[PDB]
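For reference, coords-v1.pdb is printed below; it contains PDB, C-alpha atoms.
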```pdb
ATOM      1  CA  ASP A 347       2.713  -8.948   1.146  1.00  0.00           C
ATOM      2  CA  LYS A 348       1.643  -5.350   1.869  1.00  0.00           C
ATOM      3  CA  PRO A 349       4.826  -3.189   1.906  1.00  0.00           C
ATOM      4  CA  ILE A 350       4.746   0.002   3.965  1.00  0.00           C
ATOM      5  CA  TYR A 351       4.284   2.725   1.357  1.00  0.00           C
ATOM      6  CA  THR A 352       3.489   6.291   2.405  1.00  0.00           C
ATOM      7  CA  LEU A 353       1.419   8.028  -0.290  1.00  0.00           C
ATOM      8  CA  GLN A 354      -0.828   4.973  -0.074  1.00  0.00           C
ATOM      9  CA  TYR A 355      -1.972   5.785   3.467  1.00  0.00           C
ATOM     10  CA  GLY A 356      -0.295   8.823   4.993  1.00  0.00           C
ATOM     11  CA  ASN A 357       2.939   8.806   6.954  1.00  0.00           C
ATOM     12  CA  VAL A 358       3.667   5.579   8.807  1.00  0.00           C
ATOM     13  CA  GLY A 359       6.052   5.046  11.663  1.00  0.00           C
ATOM     14  CA  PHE A 360       7.694   2.184  13.520  1.00  0.00           C
ATOM     15  CA  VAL A 361       7.066   2.601  17.238  1.00  0.00           C
ATOM     16  CA  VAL A 362       8.851   1.523  20.406  1.00  0.00           C
ATOM     17  CA  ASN A 363       7.648   2.577  23.856  1.00  0.00           C
ATOM     18  CA  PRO A 364      10.561   1.772  26.201  1.00  0.00           C
ATOM     19  CA  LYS A 365      10.131   0.730  29.829  1.00  0.00           C
ATOM     20  CA  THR A 366      13.771   1.453  30.672  1.00  0.00           C
ATOM     21  CA  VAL A 367      16.274   3.724  28.954  1.00  0.00           C
ATOM     22  CA  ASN A 368      19.983   3.635  29.790  1.00  0.00           C
ATOM     23  CA  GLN A 369      22.550   6.265  28.836  1.00  0.00           C
ATOM     24  CA  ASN A 370      23.459   6.237  25.131  1.00  0.00           C
ATOM     25  CA  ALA A 371      20.346   4.248  24.219  1.00  0.00           C
ATOM     26  CA  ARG A 372      19.385   4.076  20.551  1.00  0.00           C
ATOM     27  CA  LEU A 373      17.418   2.111  17.970  1.00  0.00           C
ATOM     28  CA  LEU A 374      19.362   0.672  15.062  1.00  0.00           C
ATOM     29  CA  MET A 375      16.911   0.397  12.175  1.00  0.00           C
ATOM     30  CA  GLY A 376      17.343  -2.004   9.286  1.00  0.00           C
ATOM     31  CA  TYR A 377      15.138  -1.781   6.200  1.00  0.00           C
ATOM     32  CA  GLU A 378      14.496  -3.996   3.214  1.00  0.00           C
ATOM     33  CA  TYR A 379      12.755  -2.092   0.378  1.00  0.00           C
ATOM     34  CA  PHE A 380      11.952  -1.628  -3.319  1.00  0.00           C
ATOM     35  CA  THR A 381      12.320   1.740  -5.056  1.00  0.00           C
ATOM     36  CA  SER A 382      11.506   3.803  -7.749  1.00  0.00           C
ATOM     37  CA  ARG A 383      14.113   5.152 -10.118  1.00  0.00           C
ATOM     38  CA  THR A 384      12.544   8.296 -11.613  1.00  0.00           C
TER      39      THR A 384
ATOM     40  CA  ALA B   1      -4.762 -55.473 -21.298  1.00  0.00           C
ATOM     41  CA  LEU B   2      -3.457 -58.892 -22.215  1.00  0.00           C
ATOM     42  CA  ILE B   3      -5.487 -62.068 -22.048  1.00  0.00           C
ATOM     43  CA  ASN B   4      -3.622 -65.366 -22.226  1.00  0.00           C
ATOM     44  CA  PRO B   5      -5.090 -68.688 -23.337  1.00  0.00           C
ATOM     45  CA  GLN B   6      -5.322 -71.114 -21.761  1.00  0.00           C
ATOM     46  CA  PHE B   7      -5.018 -69.124 -18.645  1.00  0.00           C
ATOM     47  CA  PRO B   8      -7.665 -66.681 -19.374  1.00  0.00           C
ATOM     48  CA  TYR B   9      -8.562 -63.673 -17.240  1.00  0.00           C
ATOM     49  CA  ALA B  10     -11.882 -64.406 -15.471  1.00  0.00           C
ATOM     50  CA  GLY B  11     -14.602 -62.949 -17.609  1.00  0.00           C
ATOM     51  CA  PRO B  12     -15.797 -60.737 -14.846  1.00  0.00           C
ATOM     52  CA  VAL B  13     -15.650 -60.282 -11.092  1.00  0.00           C
ATOM     53  CA  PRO B  14     -18.585 -62.569 -10.461  1.00  0.00           C
ATOM     54  CA  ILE B  15     -21.405 -63.121  -8.032  1.00  0.00           C
ATOM     55  CA  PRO B  16     -19.416 -64.188  -4.993  1.00  0.00           C
ATOM     56  CA  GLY B  17     -18.722 -60.599  -4.117  1.00  0.00           C
ATOM     57  CA  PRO B  18     -19.409 -59.529  -0.380  1.00  0.00           C
ATOM     58  CA  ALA B  19     -21.844 -56.585  -0.253  1.00  0.00           C
ATOM     59  CA  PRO B  20     -20.524 -54.985   2.877  1.00  0.00           C
ATOM     60  CA  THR B  21     -22.914 -52.295   3.701  1.00  0.00           C
ATOM     61  CA  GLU B  22     -26.078 -50.392   2.834  1.00  0.00           C
ATOM     62  CA  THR B  23     -24.514 -47.098   3.972  1.00  0.00           C
ATOM     63  CA  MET B  24     -24.824 -45.388   0.748  1.00  0.00           C
ATOM     64  CA  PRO B  25     -26.978 -42.605   1.793  1.00  0.00           C
ATOM     65  CA  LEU B  26     -26.151 -39.022   1.936  1.00  0.00           C
ATOM     66  CA  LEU B  27     -28.893 -37.361   3.860  1.00  0.00           C
ATOM     67  CA  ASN B  28     -29.863 -34.086   2.100  1.00  0.00           C
ATOM     68  CA  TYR B  29     -29.113 -31.094   4.160  1.00  0.00           C
ATOM     69  CA  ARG B  30     -31.963 -28.797   4.969  1.00  0.00           C
ATOM     70  CA  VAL B  31     -31.014 -25.337   6.548  1.00  0.00           C
ATOM     71  CA  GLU B  32     -32.050 -21.654   7.130  1.00  0.00           C
ATOM     72  CA  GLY B  33     -29.174 -19.168   7.382  1.00  0.00           C
ATOM     73  CA  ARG B  34     -29.442 -15.626   8.688  1.00  0.00           C
ATOM     74  CA  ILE B  35     -26.480 -13.116   8.868  1.00  0.00           C
ATOM     75  CA  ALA B  36     -28.315 -10.013  10.304  1.00  0.00           C
ATOM     76  CA  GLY B  37     -26.429  -7.805  12.680  1.00  0.00           C
ATOM     77  CA  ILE B  38     -27.047  -4.086  12.483  1.00  0.00           C
ATOM     78  CA  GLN B  39     -24.629  -2.455  10.001  1.00  0.00           C
ATOM     79  CA  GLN B  40     -23.362   1.161  10.805  1.00  0.00           C
ATOM     80  CA  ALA B  41     -22.520   3.330   7.797  1.00  0.00           C
ATOM     81  CA  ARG B  42     -18.887   4.169   8.396  1.00  0.00           C
ATOM     82  CA  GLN B  43     -15.394   2.725   9.044  1.00  0.00           C
ATOM     83  CA  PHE B  44     -12.500   4.590  10.406  1.00  0.00           C
ATOM     84  CA  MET B  45      -9.114   4.687   8.573  1.00  0.00           C
ATOM     85  CA  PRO B  46      -5.915   6.567   8.853  1.00  0.00           C
ATOM     86  CA  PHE B  47      -6.259   7.830   5.403  1.00  0.00           C
ATOM     87  CA  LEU B  48      -8.240   6.911   2.437  1.00  0.00           C
ATOM     88  CA  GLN B  49      -8.458   8.753  -0.888  1.00  0.00           C
ATOM     89  CA  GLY B  50      -5.534  11.182  -0.554  1.00  0.00           C
ATOM     90  CA  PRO B  51      -2.885  11.714  -3.222  1.00  0.00           C
ATOM     91  CA  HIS B  52      -0.183  13.171  -1.087  1.00  0.00           C
ATOM     92  CA  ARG B  53       2.352  15.639  -2.379  1.00  0.00           C
ATOM     93  CA  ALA B  54       5.817  14.121  -2.986  1.00  0.00           C
ATOM     94  CA  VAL B  55       7.282  17.604  -3.392  1.00  0.00           C
ATOM     95  CA  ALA B  56       5.491  20.824  -3.488  1.00  0.00           C
ATOM     96  CA  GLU B  57       6.457  23.696  -5.700  1.00  0.00           C
ATOM     97  CA  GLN B  58       7.777  26.782  -4.131  1.00  0.00           C
ATOM     98  CA  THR B  59       4.831  29.175  -3.366  1.00  0.00           C
ATOM     99  CA  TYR B  60       4.731  32.910  -2.448  1.00  0.00           C
ATOM    100  CA  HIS B  61       2.786  36.154  -1.701  1.00  0.00           C
ATOM    101  CA  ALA B  62       3.732  39.650  -2.996  1.00  0.00           C
ATOM    102  CA  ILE B  63       4.154  43.259  -1.943  1.00  0.00           C
ATOM    103  CA  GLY B  64       5.641  46.493  -3.138  1.00  0.00           C
ATOM    104  CA  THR B  65       5.535  49.844  -1.924  1.00  0.00           C
ATOM    105  CA  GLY B  66       7.067  53.159  -1.942  1.00  0.00           C
ATOM    106  CA  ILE B  67       7.658  56.354  -3.684  1.00  0.00           C
ATOM    107  CA  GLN B  68       9.867  57.887  -6.386  1.00  0.00           C
ATOM    108  CA  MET B  69      12.536  59.920  -4.703  1.00  0.00           C
ATOM    109  CA  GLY B  70      16.147  60.838  -5.668  1.00  0.00           C
ATOM    110  CA  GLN B  71      19.475  62.751  -4.956  1.00  0.00           C
ATOM    111  CA  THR B  72      21.417  63.380  -8.316  1.00  0.00           C
ATOM    112  CA  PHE B  73      24.801  64.720  -9.532  1.00  0.00           C
ATOM    113  CA  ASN B  74      25.152  65.652 -13.304  1.00  0.00           C
ATOM    114  CA  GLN B  75      28.101  65.777 -15.795  1.00  0.00           C
ATOM    115  CA  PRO B  76      29.513  69.172 -16.469  1.00  0.00           C
ATOM    116  CA  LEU B  77      28.878  71.150 -19.603  1.00  0.00           C
ATOM    117  CA  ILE B  78      31.382  70.546 -22.518  1.00  0.00           C
ATOM    118  CA  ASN B  79      32.346  72.344 -25.740  1.00  0.00           C
ATOM    119  CA  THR B  80      30.282  71.097 -28.626  1.00  0.00           C
ATOM    120  CA  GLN B  81      32.398  69.627 -31.381  1.00  0.00           C
ATOM    121  CA  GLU B  82      30.612  69.874 -34.689  1.00  0.00           C
ATOM    122  CA  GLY B  83      27.227  70.575 -36.203  1.00  0.00           C
TER     123      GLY B  83
END
```
Just give me the structure of the file as structure tokens.
Amino acid sequence: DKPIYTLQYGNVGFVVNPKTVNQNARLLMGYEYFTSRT
Amino acid sequence: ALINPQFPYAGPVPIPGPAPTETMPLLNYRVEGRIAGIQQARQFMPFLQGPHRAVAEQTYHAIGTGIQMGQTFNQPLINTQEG
């Protein structure tokens, strides 16, 4: 209902504060979005 | 509607009806409503009112300096053709 859109309210970020981090840890991010074709 | 003679539809719901209640009354509401908490002039946001740059142009400053100095080598003299 209110898509994340920088330029509407500064840079935005997705945050994760981990309690435990093993070797080779990583976040796989998946996005669903609409965009502009200039 | 169809009415059929001789069995006619009663000419009304008549006087044998059972008045079941006198609960018909909606008591008018009387009330005083006050929403008066101190208001402070400000709200905090991450950003309001900015029209952020999607790309900037390239930008620069400028300088020059020096003097006019030179080491030169010239073509030799030649016989003049005509004139």
Output check: residues returned by the ChimeraX specification (/B :<9) & /A, as a ChimeraX atom specification:
/A:352-356
What lies within 10 Å of segment 364-380 of chain A using all atoms listed in the file, ignoring chain neighbours under 4 positions off, as a PDB file with C-alpha atoms, keeping the file's coordinate frame?
```
ATOM      1  CA  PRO A 349       4.826  -3.189   1.906  1.00  0.00           C
ATOM      2  CA  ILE A 350       4.746   0.002   3.965  1.00  0.00           C
ATOM      3  CA  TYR A 351       4.284   2.725   1.357  1.00  0.00           C
ATOM      4  CA  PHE A 360       7.694   2.184  13.520  1.00  0.00           C
TER       5      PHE A 360
END
```
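Coordinates place atom CA of residue 361 of chain A at a distance of 28.4 Å from atom CA of residue 383 of chain A.
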To one decimal place in Å, what is the distance between atom CA of residue 43 of chain B and atom CA of residue 362 of chain A?
26.8 Å
Assuming 4 Å of padding per side, give the centre and edge lengths of the axis-aligned box around every listed atom of segment 51-54 of chain B, in Å to one decimal and as lines of an AutoDock Vina configuration file.
```
center_x = 1.5
center_y = 13.7
center_z = -2.2
size_x = 16.7
size_y = 11.9
size_z = 10.1
```
